[PDB]
Structure formats: C-alpha cells, structure tokens
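Just below is one structure, and these are the notes that go with it.
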Amino acid sequence: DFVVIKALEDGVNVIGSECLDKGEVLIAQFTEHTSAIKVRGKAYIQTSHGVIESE
Amino acid sequence: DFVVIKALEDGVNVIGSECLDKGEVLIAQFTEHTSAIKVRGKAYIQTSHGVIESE
Amino acid sequence: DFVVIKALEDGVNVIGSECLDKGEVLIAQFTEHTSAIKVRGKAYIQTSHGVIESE
Amino acid sequence: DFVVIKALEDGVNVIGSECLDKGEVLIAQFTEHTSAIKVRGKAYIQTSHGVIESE
Amino acid sequence: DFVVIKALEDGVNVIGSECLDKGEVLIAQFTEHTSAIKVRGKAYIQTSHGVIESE
Amino acid sequence: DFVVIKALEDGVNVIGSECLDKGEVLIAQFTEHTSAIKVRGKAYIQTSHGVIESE
Amino acid sequence: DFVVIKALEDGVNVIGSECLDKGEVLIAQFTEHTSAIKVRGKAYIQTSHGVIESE
Amino acid sequence: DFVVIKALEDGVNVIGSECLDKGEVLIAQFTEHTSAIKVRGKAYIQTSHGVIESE
Amino acid sequence: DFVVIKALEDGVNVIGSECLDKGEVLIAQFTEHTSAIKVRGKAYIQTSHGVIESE
Amino acid sequence: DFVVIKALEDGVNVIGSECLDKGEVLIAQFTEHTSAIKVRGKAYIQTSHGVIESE
Amino acid sequence: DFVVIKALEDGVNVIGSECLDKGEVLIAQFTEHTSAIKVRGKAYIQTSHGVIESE
Amino acid sequence: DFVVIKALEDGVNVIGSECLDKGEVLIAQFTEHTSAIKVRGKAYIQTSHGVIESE
Amino acid sequence: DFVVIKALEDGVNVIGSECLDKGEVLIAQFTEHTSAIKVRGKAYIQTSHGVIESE
Amino acid sequence: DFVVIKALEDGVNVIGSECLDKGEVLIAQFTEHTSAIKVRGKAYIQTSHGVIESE
Amino acid sequence: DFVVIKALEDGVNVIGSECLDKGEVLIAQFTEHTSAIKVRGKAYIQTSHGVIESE
Amino acid sequence: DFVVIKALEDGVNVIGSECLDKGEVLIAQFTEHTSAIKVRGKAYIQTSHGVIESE
Amino acid sequence: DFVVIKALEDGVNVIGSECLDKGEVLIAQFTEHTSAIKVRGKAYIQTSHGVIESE
Amino acid sequence: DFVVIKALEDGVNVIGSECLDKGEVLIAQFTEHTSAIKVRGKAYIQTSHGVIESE
Amino acid sequence: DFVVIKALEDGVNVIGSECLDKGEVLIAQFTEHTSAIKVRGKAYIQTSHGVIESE
Amino acid sequence: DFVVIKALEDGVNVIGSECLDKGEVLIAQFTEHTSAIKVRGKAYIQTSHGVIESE
Amino acid sequence: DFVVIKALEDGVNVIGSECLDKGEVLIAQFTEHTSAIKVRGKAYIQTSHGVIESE
Ligand SMILES: [Au+]
Ligand SMILES: [Au+]
Ligand SMILES: [Au+]
Ligand SMILES: [Au+]
Ligand SMILES: [Au+]
Ligand SMILES: [Au+]
Ligand SMILES: [Au+]
Ligand SMILES: [Au+]
Ligand SMILES: [Au+]
Ligand SMILES: [Au+]
Ligand SMILES: [Au+]
C-alpha cells in the first residue's frame, strides 16, 4: 500500500530522509528497503486505517 | 494503484519531474521506478485513502 | 484498472497522444508503457477513486 | 473486467473497428491487444465505475 | 466472469453465432476465443455491472 | 463460479444435455468444456448477478 | 466453494450418487470430478448465492 | 474454508468417522481427502453460507 | 436378451441416461457396459419373464 | 434376434435413423453397432416377448 | 433365422434392392451385410414371431 | 450442375436418403458419390432441362 | 450431362438395373461406367435435346 | 454456381446451419463441403434454373 | 455428347450390337470405343443437331 | 462470378464484415475464403440470376 | 471479368484507393489482390450483370 | 478480353501512360501488369459490356 | 481474338509498324508481343465489340 | 530543396499520386525517387525560383 | 531546412500525424522519413521561399 502525508508546516522530516515544506504532499509506497516511516513535525497523514495528525 | 491530481493553478510540479497547468488532470500509476510522488503548489489529489488538497 | 474519459468539448488531448472530439468517450487501460495519463481541456473523468472534471 | 455498450442510435463505432446498430448491446472484455476502447456517437456505457453516455 | 441473457422475443442472436427463442436463458462465460459478445433483438442482460435491455 | 437451476416444470433441458423434472435443483459449476449453459422451459435460476426466471 | 444440503425428507438423492435420510446435512465441496450436483426430493440448499428449496 | 459443528445431543456422527458428545464443538477444515462432510443426529452447523440445524 | 419399454407418460427416464416421451417404445439389448437398467415414471415393460408396469 | 416394425402411419422414425411410410414393414436384426432401437410415432412392433403398439 | 415374403401384388420391393412380382415367394436369410429388411407394397410376411401383412 | 426440389407434400424422400416436409426446398449438387437421384411422392423439380412434377 | 426420367406407370426399368414405380422421377448423370441408358415401359424423358416418351 | 435466398419471414434455416431474419438475402456458392442446401420456412430462392418459393 | 433413340418398331438394331423393341428408348453416350453409331429399322433419333427418322 | 450491391440506405452490412453508406456500390467477387455473402438492411443486389431487393 | 466506372462528378473514390474526376472512365479488371471494389460518390457503373448508378 | 478506345479529341491519355490524337483508335488487351485502365478527355470506348463516352 | 481493319484511304499505319493502301484488309490476331494496336488515318475496324471508324 | 503547393481548389493532383482539397498546403521535398512533380488543377506554387500559378 | 507552422485555429493537423491548438507554433525539420508535410485547416506557414496561409 501507500501513505499520504500533507505537510502542514515547514521542515517536516520523513525518514525512510526527505524534507517537506508547508503545503506539499508526499505519497509514499512501501518497498523492500522502506519498512518503516517516521514522521516529525506537524503533518496530516492518511493511511488505509484512516487519518492521523502528527505534531 | 494510482493517484489522480487535478492542478488547480498553473505550474504544479509532480516529482516522480512533470509540470501541469491549471485545469489539467494527471492520473499516475506506481511503478518500480516511481516509489514516491511529491506534489507542489495548489492541487487537488484523489487517492484510495480519500481526497486531499496540496498548497 | 482503467479510466473513463468523456470529452465535454472538442480537441481534448490524452497523453499516454490521442485527441477526442465533443461527446466521445475513451476507456483506457493501464499497460507497462502507459504509466501516466495527462488530460487537457474540458473533460469528465471517472476512475475507481471517483469522478473528476478536468478543464 | 468488461464494459457494456448499448447503442442508442445507428452506426455507433467501437474502436479496439466494430459497428453497432440501434438497440444492440456489445459486452467487451479487455485483452492484451485491446488496451483502449473509443466510442463514437450516441451510446450508453456501463463500466465498473458506473454509467456514462457518449454522444 | 459471465453474463446472463434472457431472450424476451424469438430469434435473438448472440455473436461470440447462437440463436435463442423466447423464454430461454443463456449463461455465457468469457474465454480466450470469446472476447466480445454482441446481442441483437429484444433481450434482457444481467452482468456484474447491473442489468440492461437490448432491443 | 456456479449456477443454481430449480426446475419449476417437468422436462427442463440444460445444455452444456441434461433433463430435469419438476422440483429438482441442479447446481452446475463452469469447467473448461462447459463455457455456455442454455436453459429451456420454465425454471428459476440463481447466479452471482442475481436471480432470473426462464420460460 | 461448497454447498449445504439439509434433507427435509427421507431418501434424498444427491448426484455427483449418495442418499440422505431426513434430518441429515451434507456439506459438499466442488472438485475436478464433481462439476455438477443434482438434488432430488424435498431438501433445503444453502449456497453462496443464497438459499433454495428443492422438491 | 471450515465449518463449525456444535453437537446438541450425544453420539453425533461426522463422516469425512468421528463421534461427538453433547456440548462439544468440532471446527473442521476441508482438505484434499475430505471433500464431503455428512452430519447425523441433532447438531448445529455454522458455515460461511450461514447456520443450519441437522436432526 | 432384450427388454421392451413402452413409455406411457412423458419424461420416462431409462438409466443404462435416455429419456422417452409418451407413446414411444425403446427396445434395449444388454451389453457388457449395460449390466443394469433402471426405469422411472409410468412405463410398461415386457421382458422374457413377462410384463410389468413401472410407476 | 430381430424385431418386426409395421408402420401404421407415415413418417415413423426408427433410430439405431431410418424413416418408414404407412404400410411398410422393417425387420431389424441386432448387431454390435445397433444395441438399442427407439421407435417414434404410431407403429406396431412384434418381438420375441410379444407384440406392442408404439404411439 | 430367415423370413418368408409372399408378394401379393406386382412390384414389391425388398431392400437389403430386389423386386418381386405377384405370386412369387422370397425366403431371405440374415447375413452380416443384411441387418435390416424393408418391405414395400402389398406382401405377406412370415417370421419366427408370426405373420404380418405389409401394404 | 444442381437440381432444385420443392416438396409439395410431407414425407418426400430423396435418395442419393433424405426426407423433406411440405414447403421445404432442397438444392442438390452432383458429386462423385451421388450419380443418381430418385424422388418419391409429390414434388416439383427444376433442372437445367426444365421443370417436372413427380408424384 | 444428365437425364430426367418420370415413370408414368409402375415397373419402369432403367438399365445402366433400377426399377421405378408410377410417379417417381430419377435424375441420372452419366459416368464412366454408365455409357448407355435403356428405358423400358411407359416413361417421360427429358434430355438436353428435348423431351421424349418411351412406351 | 450460386443461389440467392431472400428470407421472407424470420428464422429461416439454411443447412449446408445458418439462420436468417426477415428481409435478409444470402448468396451462397457451392463448395466441396457444401454439396446440398436445404431451405426451411418461407423464403424466395433464385437459382440458374429460375425462381422458387419455399414454405 | 449423347443421342436419344426411340425405337418405333420391333427389332431395331443399334451398332456401336444392341437390339431394341417397340417403345423403348436408348440414350447413348460417345466413348473412345464407340466412334460411330449405325441405326437400322424404323426409329426416331434426337441429337444435338435436331431430330431425324431412320427407316 | 461477382455480385453488385447498391446500398439504398445507410449502415448496410455485408458479411463475407464491411459496412456501406447510402448511395455506395460494392462489387464483390467470390474467393476461396468468401463462400457466402449475407446482406442486411435495405439494398439492391444484381447477380447473374437477376436482381433482388434486400430489406 | 472487368467493370467500367464513369465518374459523373469530381472526386469519385474507387477502393481496391484511386480517385477520378468528372468525365473520366476507369476500366478495372479483377486480380488476386483486388477481390472487392467499393465506389463512392456519383458514378455510373457497367458490369456484366448490367448497369447501376452509385451516389 | 480487350477494349477499343477511339480518341475523339487530341491529347487523350490512357493510363495502364500512352497518349492519342484525334481520330486514332487503340485496341488494348488486359495483361498481368495492366489490371486497370483509366481514360481521360473526350473518347469513345467499346467494351464487352457495351459502349460509353468518356469526357 | 482478332480484329479486321479495312483501309479506306492510302497510307494507313497499323502499329503493333505495317502500312496499308486503300482497299486492303488486314486481319490481325493478338499475340504475346502484340498487346496493343494503334490505327492511324481513315480506316474501318471490325472487332468483337462491333464496328468503328478511325480517322 | 522543396516546393510549397497551396491548393486553391478541390481535387488538386500532385504526381510524384496525392490529392489535395481546397485550402490545404503540401510542402514536398525532392528525393531519389521523386525526380519530377506534376501539378494539375488550380494551385499556387512557391519554389526557390519564385511563385507560379497552375491551372 | 525547416518550416514554421503557426496554428491560427484549433485542431490543425500536420501529416508527416500531429495536431496543434490555436496559438501554438511547430518548427519542423525534414528527415529521411519525413519527405512531405501536408497542413490542414487554418494555419500560417513560413518557409525559406516565403510565407503562405493554409485554410
Ligand atoms: Au529540512
Ligand atoms: Au487534436
Ligand atoms: Au435464428
Ligand atoms: Au436411498
Ligand atoms: Au427428459
Ligand atoms: Au420392380
Ligand atoms: Au421421412
Ligand atoms: Au434383335
Ligand atoms: Au456500420
Ligand atoms: Au499528350
Ligand atoms: Au482526389
């Protein structure tokens, strides 16, 4: 599957180590290499299980 | 799966680095090469998890 | 899967570069070659995620 | 999957290049060869995504 | 999948070229050979996408 | 899949050429050989797409 | 899949040729050999498509 | 899949030839060897198609 | 030897699985394959041992 | 042995598929190929077991 | 065995294709080649099963 | 060449042994096997030499 | 070519040695074996050269 | 040569087994395989020998 | 081609040495062996060149 | 030989599956592949046997 | 054989794809490659079967 | 066969590309190479189908 | 075939390059070499299609 | 080099044999195969040597 | 060399088959493959020979 991360503030880090500014949206698929995704800062995540808001 | 990006303003960048003008719609499938999609600017994205609005 | 594009005005371009007149409907499947579809002009798209209206 | 095209007027062209008269119904499956189907004229199409009316 | 055709009048042609009389029902599966089914005359078709009435 | 045919009158023919009397029920699976099933006479058929009544 | 036949009267024949008495229940799976099941007499059948009552 | 048989009385026979006393529950999966299960006596069966009561 | 079956009503089954309508007469010889003949419905049988009337 | 069929009306069919007119008599022996003889229409049959009248 | 045909009128045809005039008698044995004998016209046949009169 | 036989009454025999009902028309070509055609009953024959009426 | 012989009376002999009854019509082609045809009795012959009446 | 069959009513059978509706015209050539053509129902046939009307 | 000789009196000789009685008709084809045909007595000959009357 | 089809109305189908509009004329020769030609709709056909009008 | 097409107006298309102006005449023979000739526009065709006028 | 073209005015082109002056006559046979003949200008053509006048 | 050219004036050229004086007649057959014949001057030509007068 | 042909009227022929309608423009380069270009009808040609107007 | 086509209206076709909308400009070079360029619709072309306006 895949996750959808909308960065609600600048400098949101996404560690597979990408960085997003405010208003961007990263749609990330899971690979063999990427087995865990850690999200820092204020962001809005949509997964298959629902939505969540990281701070 | 695939995502649907409607560009609501000109010069929306979609990084696999394509560019869209206002009113166009890009339907993008995920491949081996494209494991992450970053969307800049004002756009309206529909995924399997729902809809979202990048700015 | 596949998408359904109803061209609501003449000269709608669909880039895999086909062109549609007003009232036609193109049902397009995704292949290995076609990994992204860009739709210009005024058209009405139905996907699995729902409907959308390109301008 | 497959699509269902009911030709609501005579001479409806379906390009894989078959022709239908008024009142006939063509149920078409997707193959390796048929990756895109274009429908001309007035017809009523049922897909998995719903129904649509080509003109 | 498969389709269900109830012939509501005599002489309904089903082209894979079978003929049905009034009241019969043909349940037809899709094979490699049968990639398209055209139905003439007055008949009542049930597919996975729903029902339709050919004339 | 499979279909369920309840013969509502005597002498119902099912062509793969079996015959059913009134009140019997034949549950028929699709094989490589059986690609089409034609039902004559008055019978009540349940498929995955729903129910239908052949006459 | 599989079917569930509850014999509501004695001597119910199930042809793959088994016989059931009143009150017994036979749960039958489909194999390569068993491609069609014919049920005689008064019995109550549950399939994936629903329930039915053979007489 | 699998079936769930609750024996509501003593000496319930389950033929693949196991015997159950009153109050026990046998959860039985289908194998290559077990293609048909016959249940005698008073028992309460849950399948994927629903519940039924053998007598 | 051989048997003579006059079908006195429609749909008489003769299992070696042939079907006879009312008024027809089947004269059947015994082969290596046909070692037993079962007659259903109302029919009038003449054998070497005499006549009999199946119902 | 052999059977004697006197056709009492026109168009009597004898299936081994010969046809007889009214007043003709066919005396038919049993061979390896002909193991069963079915008689349609109105005819008068004499066998070793006696006489019979097909209708 | 053998049959005895007395031709009671001229031009009686006997198909194994011999022709008899009035008053002649043909005694015919059954061979491998002659497995069925058809008699036209007015004739009087004696077999082992008795006598009969073809017209 | 070929002949055209219109059967003006039922049970018209055409020996190459086909049978025709009233109103049917058989157009028969000559082959190596079919060197002579005999027509019984009431029929209307058109050949290259003209027409004729068999009775 | 071929000849058309309508037998106007019973027992008409045609020697290539076939026999015709009254009202039948034999259409005979010429082969390597059949180099001459002799017609006895009352019959009506159509050839390419015209018609003739044998007695 | 070839024949021309105009079907004057629905469901006209042409056996070489094709079926024609009312108003259609089949022009059929003779091959090695097709040595005889039988026409059922009401139809209007033109051959080299002239025209005829099957019923 | 072929000739048609109707013998108008008894004992008409046809030398290829056949003999005809009064009323018979011989239709004779030309072969390699038969290069000349001489007709004696009273007879009526039809050829492709017309008719003639030998005496 | 060959046939001449003048399409008197739009959408006339000619099955060897070509389509003609109103006023066009198709002159079709017979090949090994094309052994039968079926004409639908209103058209005016000239053959060697004459003219005919399909509807 | 061959056909004669007189183009009565400009731009008459002849598909084997040649084009004719008003007043020209094309005499076309049939080859192995050219098995069907379609004529558009207003033209005057002479064949062996007669004349016709395409529009 | 062959065609006869009388050039009624100067500079008549005949494309197989020959040119004729006024009063000359070209008699042209059809070969393997010449499968179609186009005639320009004012000329008078005689074919087997009749005469025609190109302009 | 062959053509007949009567030279009605002196010096008539016939190109296969022969010359004719007034009153002579040349009867010319078509060969492999002579595929076209051009006639100059005043002459009177008879072909199979009829007569014509070159000037 | 190359030439520019603007077709000022319909049906302008350009022989290398292409056809142009009114208002179209063909820009044609010279190849090894195309050593001469002939222009019919009313057209406006621009070359390196200047412009010209064909009629 | 190369040509410059400014599309002055929508849907201008350029056949080497590309399509241009109003206001776009295509600068096209000549290759081995592209030896001729045909321009439809209203467009403004600049070549080395000057400018021209296709309609
Ligand atoms: Au950062
Ligand atoms: Au376009
Ligand atoms: Au039919
Ligand atoms: Au039993
Ligand atoms: Au039956
Ligand atoms: Au006889
Ligand atoms: Au018959
Ligand atoms: Au003699
Ligand atoms: Au069509
Ligand atoms: Au010239
Ligand atoms: Au043209």
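If you're wondering about the labels, chains in the structure tokens are A, B, ... by order shown, residues count from 1 in each chain, ligands from 1 in order shown.
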Taking 2 positions as the minimum chain separation for residues in the same chain, which residues sit within 9 Å of residue I:16 when counting only C-alpha atoms? Answer as a VMD selection string. chain I and resid 14 18 33 to 38
Shell around stretch 19-29 of chain I at 6 Å using only C-alpha atoms, local window under 3 positions removed, as a PyMOL selection string: (chain I and resi 2-13) or (chain J and resi 35-40+54-55)
Take the residues from that selection and write them out as an mmCIF file, in the first residue's frame, keeping N, CA, C and O atoms.
```cif
data_model
loop_
_atom_site.group_PDB
_atom_site.id
_atom_site.type_symbol
_atom_site.label_atom_id
_atom_site.label_comp_id
_atom_site.auth_asym_id
_atom_site.auth_seq_id
_atom_site.Cartn_x
_atom_site.Cartn_y
_atom_site.Cartn_z
ATOM 1 N N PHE I 2 -33.183 -58.969 -24.518
ATOM 2 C CA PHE I 2 -33.556 -57.575 -24.676
ATOM 3 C C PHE I 2 -34.885 -57.322 -23.981
ATOM 4 O O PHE I 2 -35.687 -58.234 -23.779
ATOM 5 N N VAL I 3 -35.114 -56.060 -23.644
ATOM 6 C CA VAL I 3 -36.334 -55.629 -22.978
ATOM 7 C C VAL I 3 -37.054 -54.633 -23.871
ATOM 8 O O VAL I 3 -36.445 -53.994 -24.734
ATOM 9 N N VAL I 4 -38.361 -54.510 -23.669
ATOM 10 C CA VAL I 4 -39.193 -53.602 -24.447
ATOM 11 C C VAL I 4 -39.915 -52.677 -23.483
ATOM 12 O O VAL I 4 -40.724 -53.132 -22.673
ATOM 13 N N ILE I 5 -39.638 -51.381 -23.574
ATOM 14 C CA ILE I 5 -40.207 -50.398 -22.665
ATOM 15 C C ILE I 5 -41.100 -49.468 -23.465
ATOM 16 O O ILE I 5 -40.615 -48.747 -24.340
ATOM 17 N N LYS I 6 -42.391 -49.471 -23.165
ATOM 18 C CA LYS I 6 -43.326 -48.536 -23.766
ATOM 19 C C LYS I 6 -43.597 -47.431 -22.762
ATOM 20 O O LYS I 6 -44.127 -47.694 -21.680
ATOM 21 N N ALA I 7 -43.230 -46.205 -23.109
ATOM 22 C CA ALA I 7 -43.428 -45.107 -22.175
ATOM 23 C C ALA I 7 -44.876 -44.642 -22.212
ATOM 24 O O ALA I 7 -45.344 -44.118 -23.224
ATOM 25 N N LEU I 8 -45.586 -44.838 -21.107
ATOM 26 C CA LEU I 8 -46.992 -44.481 -21.017
ATOM 27 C C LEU I 8 -47.217 -43.046 -20.574
ATOM 28 O O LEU I 8 -48.363 -42.592 -20.553
ATOM 29 N N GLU I 9 -46.163 -42.329 -20.210
ATOM 30 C CA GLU I 9 -46.271 -40.919 -19.869
ATOM 31 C C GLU I 9 -44.969 -40.246 -20.264
ATOM 32 O O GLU I 9 -43.965 -40.905 -20.537
ATOM 33 N N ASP I 10 -44.996 -38.920 -20.289
ATOM 34 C CA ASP I 10 -43.849 -38.166 -20.764
ATOM 35 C C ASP I 10 -42.716 -38.197 -19.747
ATOM 36 O O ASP I 10 -42.932 -38.392 -18.550
ATOM 37 N N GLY I 11 -41.499 -38.013 -20.248
ATOM 38 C CA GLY I 11 -40.334 -37.896 -19.398
ATOM 39 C C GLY I 11 -39.925 -39.153 -18.674
ATOM 40 O O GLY I 11 -39.445 -39.069 -17.541
ATOM 41 N N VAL I 12 -40.100 -40.324 -19.284
ATOM 42 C CA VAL I 12 -39.673 -41.551 -18.629
ATOM 43 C C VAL I 12 -38.174 -41.722 -18.812
ATOM 44 O O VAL I 12 -37.660 -41.710 -19.935
ATOM 45 N N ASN I 13 -37.459 -41.854 -17.702
ATOM 46 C CA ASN I 13 -36.010 -41.972 -17.722
ATOM 47 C C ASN I 13 -35.630 -43.441 -17.750
ATOM 48 O O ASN I 13 -36.233 -44.253 -17.046
ATOM 49 N N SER J 35 -27.344 -51.460 -30.590
ATOM 50 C CA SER J 35 -27.626 -52.042 -29.291
ATOM 51 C C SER J 35 -28.939 -51.552 -28.708
ATOM 52 O O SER J 35 -29.389 -52.092 -27.693
ATOM 53 N N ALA J 36 -29.561 -50.547 -29.314
ATOM 54 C CA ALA J 36 -30.820 -50.013 -28.825
ATOM 55 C C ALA J 36 -31.589 -49.432 -29.997
ATOM 56 O O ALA J 36 -31.017 -48.763 -30.858
ATOM 57 N N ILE J 37 -32.889 -49.694 -30.022
ATOM 58 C CA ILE J 37 -33.757 -49.231 -31.094
ATOM 59 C C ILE J 37 -34.903 -48.450 -30.477
ATOM 60 O O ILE J 37 -35.630 -48.974 -29.628
ATOM 61 N N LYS J 38 -35.055 -47.201 -30.892
ATOM 62 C CA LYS J 38 -36.121 -46.336 -30.415
ATOM 63 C C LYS J 38 -37.100 -46.093 -31.550
ATOM 64 O O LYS J 38 -36.690 -45.771 -32.668
ATOM 65 N N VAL J 39 -38.386 -46.248 -31.267
ATOM 66 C CA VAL J 39 -39.429 -46.172 -32.279
ATOM 67 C C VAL J 39 -40.363 -45.029 -31.923
ATOM 68 O O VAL J 39 -40.915 -44.993 -30.818
ATOM 69 N N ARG J 40 -40.546 -44.100 -32.853
ATOM 70 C CA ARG J 40 -41.428 -42.960 -32.662
ATOM 71 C C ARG J 40 -42.693 -43.155 -33.478
ATOM 72 O O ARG J 40 -42.728 -43.990 -34.383
ATOM 73 N N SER J 54 -46.507 -48.808 -30.386
ATOM 74 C CA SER J 54 -45.947 -47.503 -30.088
ATOM 75 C C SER J 54 -46.821 -46.413 -30.685
ATOM 76 O O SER J 54 -47.394 -46.574 -31.763
ATOM 77 N N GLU J 55 -46.908 -45.292 -29.981
ATOM 78 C CA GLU J 55 -47.693 -44.163 -30.466
ATOM 79 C C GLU J 55 -46.870 -42.884 -30.520
ATOM 80 O O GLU J 55 -47.338 -41.857 -31.009
#
```
Using DSSP on the backbone coordinates, identify all residues within chain P classified as strand (DSSP E); present the result as a VMD selection string. chain P and resid 2 to 7 12 to 15 18 to 20 25 to 29 36 to 39 43 to 47 50 to 54
